[PDB]
Amino acid sequence: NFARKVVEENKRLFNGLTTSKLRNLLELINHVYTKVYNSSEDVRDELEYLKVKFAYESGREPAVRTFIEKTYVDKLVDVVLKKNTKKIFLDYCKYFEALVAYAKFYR
Amino acid sequence: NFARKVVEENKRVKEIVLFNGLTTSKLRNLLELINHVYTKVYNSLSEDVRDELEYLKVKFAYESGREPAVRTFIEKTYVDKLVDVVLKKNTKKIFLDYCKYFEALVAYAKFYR
Amino acid sequence: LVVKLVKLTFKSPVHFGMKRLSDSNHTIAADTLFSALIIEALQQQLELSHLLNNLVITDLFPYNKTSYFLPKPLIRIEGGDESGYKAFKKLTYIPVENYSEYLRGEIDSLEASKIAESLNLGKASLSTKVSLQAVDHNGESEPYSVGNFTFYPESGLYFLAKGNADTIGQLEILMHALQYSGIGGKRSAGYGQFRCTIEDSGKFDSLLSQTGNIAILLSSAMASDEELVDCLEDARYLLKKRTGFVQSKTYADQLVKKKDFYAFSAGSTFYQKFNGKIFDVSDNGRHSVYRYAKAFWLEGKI
Amino acid sequence: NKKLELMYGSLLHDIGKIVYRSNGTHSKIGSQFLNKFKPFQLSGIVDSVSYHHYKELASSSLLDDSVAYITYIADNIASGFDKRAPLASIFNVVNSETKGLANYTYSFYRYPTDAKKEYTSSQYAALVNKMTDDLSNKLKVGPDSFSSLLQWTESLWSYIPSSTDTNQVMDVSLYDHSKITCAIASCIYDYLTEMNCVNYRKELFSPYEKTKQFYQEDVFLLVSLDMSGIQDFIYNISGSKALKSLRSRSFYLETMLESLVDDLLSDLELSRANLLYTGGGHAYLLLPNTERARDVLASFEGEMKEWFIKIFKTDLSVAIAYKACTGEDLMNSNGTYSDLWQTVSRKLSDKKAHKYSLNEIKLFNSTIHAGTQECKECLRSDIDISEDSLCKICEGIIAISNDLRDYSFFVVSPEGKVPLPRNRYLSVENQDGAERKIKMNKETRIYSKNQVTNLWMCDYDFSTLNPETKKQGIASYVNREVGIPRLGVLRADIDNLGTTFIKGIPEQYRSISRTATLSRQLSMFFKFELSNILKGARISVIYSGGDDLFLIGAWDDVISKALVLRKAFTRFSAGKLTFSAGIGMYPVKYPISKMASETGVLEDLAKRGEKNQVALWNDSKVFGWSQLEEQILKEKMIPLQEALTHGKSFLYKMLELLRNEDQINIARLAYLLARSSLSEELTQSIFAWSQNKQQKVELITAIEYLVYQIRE
Amino acid sequence: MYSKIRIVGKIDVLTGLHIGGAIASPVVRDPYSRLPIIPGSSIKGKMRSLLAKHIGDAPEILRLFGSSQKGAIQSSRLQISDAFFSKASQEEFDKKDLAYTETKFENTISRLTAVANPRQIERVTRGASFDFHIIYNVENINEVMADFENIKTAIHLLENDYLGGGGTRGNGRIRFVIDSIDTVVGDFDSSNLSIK
Amino acid sequence: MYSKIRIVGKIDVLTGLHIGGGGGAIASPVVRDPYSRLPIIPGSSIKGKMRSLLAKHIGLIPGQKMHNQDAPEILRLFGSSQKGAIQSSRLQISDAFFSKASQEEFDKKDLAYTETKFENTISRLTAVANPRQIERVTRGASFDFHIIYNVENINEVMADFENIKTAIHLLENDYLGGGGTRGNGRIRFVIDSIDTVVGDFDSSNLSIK
Amino acid sequence: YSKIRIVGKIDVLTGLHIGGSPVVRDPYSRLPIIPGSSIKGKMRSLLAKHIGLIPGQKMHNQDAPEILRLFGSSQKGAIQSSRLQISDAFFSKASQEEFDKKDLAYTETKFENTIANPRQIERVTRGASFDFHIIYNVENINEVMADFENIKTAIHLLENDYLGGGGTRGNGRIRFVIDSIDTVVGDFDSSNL
Amino acid sequence: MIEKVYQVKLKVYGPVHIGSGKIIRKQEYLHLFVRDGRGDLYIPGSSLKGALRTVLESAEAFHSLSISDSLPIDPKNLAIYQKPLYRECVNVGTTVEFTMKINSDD
RNA sequence: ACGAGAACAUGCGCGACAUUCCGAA
């Protein structure tokens with residue numbers, strides 16, 4: 001899995017890698033994932049707000065910016081939006097969960 | 001009987017404790033995922049089966065991070081490495097053998113309780 | 001004459017009754033096989049002259065993947081241990097290659113027990129069934145036991161048939177029909193189906209070509225009153241009582257038993273060879289029930 | 001009544017040994033003791049008692065016609081100083097070539113104990129007083145009283161040593177010595193009467209070389225009488241009434257054999273002393289080697305063949321083979337004793353080969369008319385069949401049933417229930433009925449059962465004990481509240497019993513008296529002690545003798561009493577005698593012939609190899625007696641029963657896991673033991689038993705036993 | 001002249017089949033190979049019962065399955081052999097590690113105490129198949145077709161009925177597949193003969 | 001003329017179905033078809049529940065202790081075993097198997113055909129909760145049910161099918177196996193076709209629901 | 001022998017949590033569900049507390065006779081059938097569509113400081129409704145009125161108390177809205193009750 | 001035991017803030033007041049129960065009383081209050097109503 | 001002219017009764 005390699009490359013982990021700073025991104029991913037789990041244009045709006053919030057967290061914290069840069073998470077959100085299928089969004093959420101799980105595992 | 005040896009070598013007494021306090025409750029989710037993959041294989045490897053095994057390895061890492069006992073069990077029994085071996089070989093007989101190995105591991109873990 | 005080895009390989013368990021349905025013998029005598037052949041020849045509307053005049057057959061003998069078996073000769077064994085004679089007594093069948101060794105008394109009691117336990121015929125069993133014919137008429141089920149014998153995959157039965165070309169061909173046709181007619185006591189109820197193979201036996205041809213000072217009965221047989229004067233002198237034999245019911249659709253309105261017969265069992269040793277007879281065991285019936293008591297002789301040196 | 005005088009003198013020639021041990025020579029003491037009684041004051045008896053040894057016979061001053069010379073020579077042949085010495089066990093010398101010589105002795109049914117013991121002079125005095133009281137009034141002299149005298153001698157002197165010589169072993173009892181001396185004296189008297197000898201002294205005793213010449217002269221006949229068809233007669237029966245007739249058929253066959261023996265002895269004017277052995281259809285006798293005796297043997301053989309053909313056709317038969325035997329052969333000085341017995345057996349087998357003659361074979365196939373109706377238990381149609389489809393026999397065998405339980409005496413009389421040779425009939429009757437039968441007509445024979453002529457036969461039947469379950473019979477055994485309802489069938493046999501007779505006793509010890517003692521000990525164990533062994537168990541003894549043992553009862557009771565019987569047989573023989581049995585478990589209404597055949601093949605499976613094994617239920621249950629008693633039951637079955645007390649489904653899961661030897665099944669069994677909620681140490685024990693081969697089989701057997709015990 | 005017609009095929013165990021070490025309510029098994037079997041007596045009896053119910057013994061039933069009545073001795077035209085656990089099903093069950101038999105667990109709720117009484121019965125697994133082999137004896141040509149119709153009828157009934165040990169409670173449902181119907185003895189034309 | 005009528009249809013699991021089967025730390029698993037390892041509804045449970053509900057509806061004999069002491073209609077439908085009064089069971093209810101349509105609907109959405117329901121027992125004297133896991137068939141499942149009615153008497157067929165309709169109604173409003181008094185075993189019957197497979201009986205005007 | 005079918009709705013007044021921490025969800029629809037076991041257990045416990053309890057009541061088989069009558073019994077030799085068959089309360093489709101009208105999730109997450117170690121509990125969103133289905137078996141005509149009186153008392157007590165989760169902390173309040181009480185099977189008259 | 005119901009009204013005289021775990025920086029629009037799933041601000045009953053427990057600090061009597069979550073509060077009441085920390089607080093004069101049910105008679 | 005011929009180990013049976021994922025912040 002690509003998540004493990006990038007996570008262990010970030011391992012020295014960063015503050016963005018830590019669950020503390022990553023908490024807000026996890027909560028937003030949880031919101032969109034719960035919407036799809038219950039299930040869309042609203043999903044597209046949530047993904048756009050997710051990219052905006054990625055920029056938000058990058059501005060508020062350099063470590064989260066480094067995490068986003070290394071994991072290509074915003075680019076993967078763009079790829080999911082281009083594909084626009086539930087399956088690819090579920091795969092992206094699984095990739096994000098794998099990132100978080102590997103970060104917890106190495107810490 | 002590699003499972004028997006790997007469960008016996010880590011058997012300690014403080015109340016018999018296995019893998020620094022492992023219980024079946026900590027293994028419930030792992031067992032559920034392995035049962036789901038086993039049922040999917042028995043009904044029919046497939047692409048969805050390989051995705052299930054990769055998610056199983058991800059959940060192995062997540063549970064190892066969550067609980068130290070699960071981490072000790074996973075690193076002692078090489079369960080995730082055997083998942084990688086199953087992914088590499090990509091034959092249903094090897095996955096059946098892996099399921100039998102995990103079943104023997106949990107059975108012996110309960111046997112020495 | 002022409003001698004043909006007929007080997008029977010059984011698909012289903014076979015029921016061979018000595019006196020009861022629960023009894024499960026592993027072989028049949030010559031008279032049972034001859035009665036089956038006569039019934040088959042009557043079903044196929046064939047002449048019975050060849051069977052009644054020229055056909056000479058032996059009892060059904062065991063065989064396995066290793067060797068063919070023959071009945072134990074009734075000879076005197078010279079043998080300090082009386083239990084060795086018991087071990088010889090429990091022996092029933094001897095391989096063909098060991099027959100001459102046994103006749104010369106070169107088989108010891110331990111060797112005889114080894115031969116007896118080397119038999120690989122099959123397993124006998126008792127199948128318990130019910131009769132629900134009474135349940136409909138305010139009755140109850142009637143359990144009953146059928147004895148059957150399941151042969152091992154490479155085992156089976158065999159017999160040597162002796163006759164001229166016409167008799168051999170008619171026997172081949174009759175055995176082809178008998179493969180699906182079946183032998184035994186539960187043929188219509190699922191027991192006794194088999195496949196037969198008829199071929200020349202060089203091994204048994206060499207065995208029968210042997211001469212000697214003693215004669216061994218390969219088939220259940222009995223001499224006529226004329227031949228019994230000289231054959232019975234200095235003989236070791238065993239009298240087996242052949243009894244049974246008549247199996248036909250025309251003998252009588254109700255099923256009746258045959259007249260009891262007594263025949264010399266296979267393996268009996270005689271110093272004078274006697275030719276047997278097809279004894280008529282019918283008693284005031286529409287037809288005549290036959291019982292094959294002709295003698296198949298194996299010469300040997302004791 | 002010179003023959004009767006010789007019989008009485010030879011049986012009582014050593015009656016003075018008991019008085020001497022109670023505390024002159026024992027012969028003189030016995031002469032005085034017998035002279036104390038007027039009926040036994042007859043010349044022949046007292047002369048035989050007083051002068052049966054060379055020192056007294058040299059200066060006897062007799063008429064040279066006295067039976068004292070015959071008594072002395074018979075005593076020499078039969079027998080050929082610690083006053084307080086015990087009776088040495090006969091098995092001390094048997095199989096001593098391999099398993100050594102033991103020191104087991106009998107204390108004053110008795111088991112040898114292998115301990116130091118002595119016979120107190122007070123005990124011998126009490127025995128002397130008992131003999132005096134019995135001889136004074138209860139016993140008399142006469143042709144009909146010698147059987148009672150022999151029974152009294154057997155009852156009193158059975159455990160008194162024949163001789164107290166310390167150099168020799170004390171295997172032979174006083175009763176055995178007296179009986180063998182009496183038989184030999186009777187045979188010698190018949191031989192001398194046939195040879196018209198008037199001076200017995202000049203014939204054998206006077207030169208002291210003619211005694212050795214007479215030892216070298218052929219005087220006796222070893223006779224074997226074998227009955228064939230017993231097993232098929234008893235067990236090859238069909239019907240719901242066959243279980244009740246199972247014991248009746250065996251009893252009828254045993255009584256028929258006894259009747260044949262008694263008829264043969266009566267024709268020879270001999271007593272039961274000449275009857276060496278009587279077992280499962282076999283009767284070994286010692287007869288005179290006279291032309292009259294051989295003519296009697298030929299006539300009896302022909303008559304018995306004719307009767308068995310008339311009544312049983314080829315079903316039951318009897319053969320008689322005799323071999324001429326010498327005094328040296330009886331004493332085994334040359335070594336031909338075992339050769340003599342083997343020759344008798346081989347001649348018997350040769351007669352059994354050519355069993356029927358030309359005319360009998362021709363008459364067999366006459367069969368004028370068809371069978372038509374046939375009886376139920378007997379698949380015979382030649383015999384006239386009554387209503388309800390019962391043959392003339394098996395209608396009367398059933399009458400002997402329900403009367404064997406009620407009555408104790410067996411009457412052979414002109415009128416009865418079951419046919420017997422010489423146009424007689426056997427009927428089971430009580431004391432008053434037997435007395436009435438004797439009063440109405442002579443030639444009527446009364447047989448008492450383990451008490452007239454006394455017969456030793458095991459007649460243990462738990463059904464007859466309870467009046468409520470008496471009518472049900474063997475089926476009553478399956479009536480149970482807990483445990484699977486099944487019948488256990490035990491088919492047991494001694495390994496190399498005939499071989500033990502032939503070679504178990506060494507050549508330095510083999511003799512006629514030794515064989516008589518060994519046969520009597522085996523008969524007493526398998527006809528008298530077996531009933532005490534099986535006490536309190538739901539078991540019906542169908543056939544006994546050791547040569548062929550058949551019991552039927554409850555399966556668990558059969559297994560437990562088989563273990564107890566193995567232990568008791570080890571005690572009785574003091575080792576040196578293995579015991580192999582086959583056990584079978586069958587439902588009720590299962591064919592009796594099928595039960596007998598399956599238990600017989602299990603017995604054959606147990607016989608092969610170690611010759612000391614048990615086939616418990618199938619071909620996979622061949623175990624050792626100690627293994628079954630200790631490992632299967634005590635070490636495994638008892639802990640599981642204690643832990644589970646039902647857990648029947650748990651045991652079924654254990655069985656289905658153990659039937660598969662795959663390692664995945666091993667892990668599943670470990671998980672099941674973890675989830676069993678029983679003691680952890682027992683779980684480890686069970687897992688270790690499963691892992692180890694030859695212990696998994698024991699565990700499976702214990703689990704199956706517990707399941708069968710907890711069935712409903 | 002005389003003819004014999006062979007019918008080979010498969011019996012598929014649609015639902016668990018129960019025909020009566022230590023096992024509670026075991027199925028009938030081959031003594032040697034320990035494989036489950038369907039006795040030819042059970043097949044013959046079930047077919048005879050269904051034919052008797054359909055027609056109604058009748059002359060057809062005695063003609064097909066045989067009769068020993070006084071004055072009406074008729075040889076059985078139908079010889080139905082024991083059905084053996086097929087080798088293909090044996091291999092399929094050897095794969096995927098599946099036992100040839102299962103233990104069905106049941107209970108009885110009493111009308112008085114409502115207490116359940118546990119019970120266990122061995123059954124043959126639903127994936128199983130058995131080779132069945134039947135012989136028809138052509139004793140009378142003119143009736144052959146009619147007999148086969150009856151046979152067909154019986155088989156149809158048998159595919160709506162059970163085979164043994166249960167049935168009204170879901171056991172024993174089976175299906176027949178007729179591989180071939182060939183005349184092994186004689187010259188009778190059995191090509192047009194058919195079942196189902 | 002022997003007439004056999006076949007009723008084929010679906011049984012839908014309204015709430016989690018738990019039919020116990022011998023054979024994972026759950027307290028009790030469900031009965032499964034060994035060949036496919038899929039959950040099953042044994043015909044024994046269906047017949048037993050239908051017979052029990054019909055017996056309750058008609059009315060049990062006071063002090064009844066046998067199943068052969070039920071109403072004559074019940075013994076006519078479900079069979080009797082009395083000595084001398086043995087009645088053949090006209091109803092033959094088969095095992096209901098996990099349908100292929102439901103198996104595909106569960107392979108979609110990535111479901112496992114079963115759920116582990118967690119419950120607990122709270123002690124009435126100490127208020128401590130002992131947990132317990134049970135296995136249930138998911139409420140999306142459907143089972144193919146196949147029932148055979150035997151026409152042993154033409155006159156009583158309509159009354160018997162009325163009884164079957166009443167039994168089906170009772171079973172639908174009741175549950176099927178397991179702890180159904182705690183939201184288990186709720187089922188619905190959807191009859192596909194009632195046809196006379198054997199004979200000449202006209203079952204067009206016959207319905208069990 | 002009649003069956004009375006009581007349907008209705010269970011409205012979540014305050015956040016509802018029934019653990020399986022995540023709340024229990026129906027596997028097929030992936031939606032919150034109130035199991036019938038939870039409702040039956042809570043109602044039985046509340047009704048038993050309403051009636052007197054023996055001092056040593058250590059088992060559910062020794063409650064008040066009304067409790068064993070309504071909710072069944074497993075007492076050895078005294079097995080009483082449960083006249084009540086509580087069913088799983090599934091998420092109402094009307095409430096589901098109401099939640100789907102807006103951008104609202106069916107479940108909320110609430111944080112407690114636990115002073116401080118933060119703890120997060122998932123609850124069912126306030127305002128959600130679950131439709132229940134109770135079956136009452138009429139096995140005694142004379143006892144139906146008393147049993148329904150006990151049912152009403154238990155319902156009132158449950159509306160006073162909470163259902164599942166930590167109710168003292170303030171979550172789990174529910175309300176019962178009864179739709180129809182009709183004898184679905186039989187000829188019994190349920191119009192009065 | 002006898003159950004008693006109390007309608008308990010808490011009047012806001014000073015700003016009250018309950019942490020919802022959510023903080024918004026200037027770009028988004030600051031600690032956010034807790035709101036239910038519906039989005040209405042309310043006072044959780046757990047916070048009030050913990051405050052009362054701390055005030056008391058017996059155990060059995062305190063677990064008998066159940067304090068439910070408060071009724072939804074009007075959106076107008078929420079405001080931003082400085083402490084360099086800004087938090088969402090309920091405005092002064094707001095009455096928050098809840099129900100408390102006590103099973104302890106004494 | 002097979003110890004044979006005819007014979008369903010068959011009939012009734014719910015794996016079932018009671019059980020809060022719960023107390024604490």
# chains A, B, ... in the order shown; residues from 1 in each chain; ligands from 1
>>> closest_atom_pairs(of="chain G", to="chain H", cutoff="6 Å", atoms="only C-alpha atoms", output="CSV")
residue,atom,partner,partner_atom,distance
G:108,CA,H:37,CA,5.3
G:125,CA,H:37,CA,5.3
G:168,CA,H:66,CA,4.0
G:169,CA,H:46,CA,4.3
G:170,CA,H:68,CA,3.6
>>> residues_around(residues="residue 169 of chain E", least_positions_apart="4", cutoff="9 Å", atoms="only C-alpha atoms (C1' of nucleotides)", output="MDAnalysis selection string")
(chainID F and resid 42:48 91:95) or (chainID I and resid 13)
>>> residues_around(residues="residue 165 of chain C", least_positions_apart="2", cutoff="12 Å", atoms="only C-alpha atoms (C1' of nucleotides)", output="ChimeraX atom specification")
/C:1-4,50,54-55,161-163,167-172
>>> closest_residue(among="C:5, C:91, C:126, C:246", to="residue 4 of chain I", atoms="only C-alpha atoms (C1' of nucleotides)")
C:246
>>> residues_around(residues="residue 90 of chain H", least_positions_apart="2", cutoff="12 Å", atoms="only C-alpha atoms (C1' of nucleotides)", output="PyMOL selection string")
chain H and resi 10-18+32-34+41-43+73-81+87-88+92-96
>>> interface_residues(of="chain C", to="chain D", cutoff="6 Å", atoms="only C-alpha atoms", output="MDAnalysis selection string")
chainID C and resid 81:83 236:237 256:259 261 283
>>> write_last_selection(atoms="N, CA and C atoms", output="compact mmCIF listing (two decimals), in the first residue's frame")
# COMPACT_ATOMS: atom_id res chain seq x y z
N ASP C 81 1.66 -79.65 20.14
CA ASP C 81 0.68 -78.59 20.30
C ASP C 81 -0.62 -79.01 19.62
N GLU C 82 -1.69 -79.14 20.41
CA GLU C 82 -2.98 -79.50 19.84
C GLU C 82 -3.68 -78.29 19.23
N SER C 83 -3.32 -77.09 19.68
CA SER C 83 -3.94 -75.88 19.14
C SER C 83 -3.55 -75.64 17.68
N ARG C 236 -12.14 -89.04 3.06
CA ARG C 236 -12.37 -88.00 4.05
C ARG C 236 -13.25 -86.94 3.39
N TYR C 237 -14.46 -86.77 3.91
CA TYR C 237 -15.46 -85.91 3.27
C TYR C 237 -16.24 -85.15 4.33
N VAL C 256 -43.24 -74.04 -2.00
CA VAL C 256 -43.00 -75.26 -1.26
C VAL C 256 -41.50 -75.57 -1.28
N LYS C 257 -41.07 -76.34 -0.29
CA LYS C 257 -39.67 -76.71 -0.17
C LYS C 257 -39.34 -77.90 -1.05
N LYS C 258 -38.07 -77.99 -1.45
CA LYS C 258 -37.58 -79.15 -2.17
C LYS C 258 -37.35 -80.30 -1.20
N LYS C 259 -37.17 -81.50 -1.77
CA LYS C 259 -36.74 -82.62 -0.95
C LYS C 259 -35.30 -82.40 -0.52
N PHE C 261 -31.52 -82.71 0.33
CA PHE C 261 -30.44 -83.44 -0.33
C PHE C 261 -29.20 -83.38 0.55
N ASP C 283 -40.94 -82.97 -5.85
CA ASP C 283 -41.86 -83.90 -5.20
C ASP C 283 -43.28 -83.50 -5.58
>>> residues_around(residues="residue 164 of chain F", least_positions_apart="6", cutoff="9 Å", atoms="only C-alpha atoms (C1' of nucleotides)", output="ChimeraX atom specification")
/F:50,54,77,207-209
>>> write_last_selection(atoms="N, CA and C atoms", output="PDB file, in the first residue's frame")
ATOM      1  N   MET F  50     -45.693 -23.968  12.756  1.00  0.00           N
ATOM      2  CA  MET F  50     -47.041 -23.938  12.198  1.00  0.00           C
ATOM      3  C   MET F  50     -47.976 -24.857  12.977  1.00  0.00           C
ATOM      4  N   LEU F  54     -51.192 -23.626  15.141  1.00  0.00           N
ATOM      5  CA  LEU F  54     -52.513 -24.166  14.841  1.00  0.00           C
ATOM      6  C   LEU F  54     -53.124 -24.844  16.060  1.00  0.00           C
ATOM      7  N   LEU F  77     -53.439 -32.860   8.763  1.00  0.00           N
ATOM      8  CA  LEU F  77     -52.464 -32.071   8.019  1.00  0.00           C
ATOM      9  C   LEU F  77     -51.035 -32.506   8.323  1.00  0.00           C
ATOM     10  N   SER F 207     -55.686 -21.023  -2.120  1.00  0.00           N
ATOM     11  CA  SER F 207     -54.681 -20.056  -1.707  1.00  0.00           C
ATOM     12  C   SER F 207     -54.429 -20.194  -0.214  1.00  0.00           C
ATOM     13  N   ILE F 208     -53.173 -20.011   0.188  1.00  0.00           N
ATOM     14  CA  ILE F 208     -52.782 -20.061   1.590  1.00  0.00           C
ATOM     15  C   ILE F 208     -52.495 -18.673   2.143  1.00  0.00           C
ATOM     16  N   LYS F 209     -52.713 -17.630   1.349  1.00  0.00           N
ATOM     17  CA  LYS F 209     -52.551 -16.256   1.810  1.00  0.00           C
ATOM     18  C   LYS F 209     -53.221 -15.288   0.843  1.00  0.00           C
TER      19      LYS F 209
END
>>> closest_residue(among="C:30, C:198, C:183, C:57", to="residue 2 of chain I", atoms="only C-alpha atoms (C1' of nucleotides)")
C:183
>>> interface_residues(of="chain B", to="chain E", cutoff="12 Å", atoms="only C-alpha atoms", output="ChimeraX atom specification")
/B:38-39,41-44,92-93,95-97,100
>>> interface_residues(of="chain B", to="chain D", cutoff="6 Å", atoms="only C-alpha atoms", output="list in words")
residues 104, 107, 110 and 111 of chain B
>>> residues_around(residues="residue 32 of chain E", least_positions_apart="6", cutoff="9 Å", atoms="only C-alpha atoms (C1' of nucleotides)", output="PyMOL selection string")
chain C and resi 122-123+150-152
>>> select_by_dssp(residues="segment 494-695 of chain D", states="strand (DSSP E)", output="list in words")
residues 494, 539, 540, 541, 542, 543, 549, 550, 551, 552, 553, 554, 579, 580, 581, 582, 583, 584, 585, 586, 613, 614, 615, 622, 623 and 624 of chain D
>>> interface_residues(of="chain I", to="chain F", cutoff="7 Å", atoms="only C-alpha atoms (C1' of nucleotides)", output="PyMOL selection string")
chain I and resi 11-12+14-15+19-22
>>> write_last_selection(atoms="C-alpha atoms (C1' of nucleotides)", output="PDB file, in the first residue's frame")
ATOM      1  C1'   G I  11     -44.470 -43.011  11.475  1.00  0.00           C
ATOM      2  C1'   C I  12     -45.006 -37.880  15.512  1.00  0.00           C
ATOM      3  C1'   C I  14     -39.693 -25.560  16.503  1.00  0.00           C
ATOM      4  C1'   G I  15     -32.552 -26.238  18.786  1.00  0.00           C
ATOM      5  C1'   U I  19     -31.814 -12.123  29.495  1.00  0.00           C
ATOM      6  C1'   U I  20     -31.333  -3.589  28.750  1.00  0.00           C
ATOM      7  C1'   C I  21     -24.502  -3.280  25.708  1.00  0.00           C
ATOM      8  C1'   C I  22     -25.443  -1.788  30.762  1.00  0.00           C
TER       9        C I  22
END
>>> atom_distance(atom1="atom CA of residue 493 of chain D", atom2="atom CA of residue 631 of chain D")
23.5 Å
>>> atom_distance(atom1="atom CA of residue 158 of chain C", atom2="atom CA of residue 137 of chain E")
25.7 Å
>>> residues_around(residues="residue 53 of chain B", least_positions_apart="4", cutoff="10 Å", atoms="only C-alpha atoms (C1' of nucleotides)", output="MDAnalysis selection string")
chainID B and resid 33:34 37 47:49 57:59 80 83:84 86:87 95
>>> decode(residues="segment 194-201 of chain C", atoms="N, CA, C and O atoms", output="tab-separated table (two decimals), in the first residue's frame")
chain	number	residue	atom	x	y	z
C	194	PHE	N	-23.69	-58.05	-10.53
C	194	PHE	CA	-22.28	-58.34	-10.78
C	194	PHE	C	-22.01	-58.27	-12.27
C	194	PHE	O	-22.93	-58.26	-13.09
C	195	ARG	N	-20.73	-58.21	-12.61
C	195	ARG	CA	-20.25	-58.34	-13.98
C	195	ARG	C	-19.29	-59.52	-14.05
C	195	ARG	O	-18.44	-59.69	-13.17
C	196	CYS	N	-19.42	-60.33	-15.09
C	196	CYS	CA	-18.63	-61.54	-15.23
C	196	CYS	C	-17.69	-61.43	-16.43
C	196	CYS	O	-17.98	-60.74	-17.41
C	197	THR	N	-16.56	-62.12	-16.32
C	197	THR	CA	-15.58	-62.23	-17.40
C	197	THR	C	-15.22	-63.69	-17.57
C	197	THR	O	-14.82	-64.35	-16.61
C	198	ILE	N	-15.34	-64.20	-18.80
C	198	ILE	CA	-15.07	-65.60	-19.11
C	198	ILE	C	-13.84	-65.65	-20.00
C	198	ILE	O	-13.83	-65.06	-21.09
C	199	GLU	N	-12.81	-66.36	-19.54
C	199	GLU	CA	-11.57	-66.43	-20.31
C	199	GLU	C	-10.87	-67.75	-20.03
C	199	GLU	O	-11.09	-68.39	-19.00
C	200	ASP	N	-10.01	-68.15	-20.97
C	200	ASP	CA	-9.18	-69.33	-20.76
C	200	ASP	C	-8.16	-69.05	-19.66
C	200	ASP	O	-7.56	-67.98	-19.61
C	201	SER	N	-7.96	-70.03	-18.79
C	201	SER	CA	-7.07	-69.90	-17.64
C	201	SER	C	-5.92	-70.89	-17.81
C	201	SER	O	-6.06	-72.08	-17.54
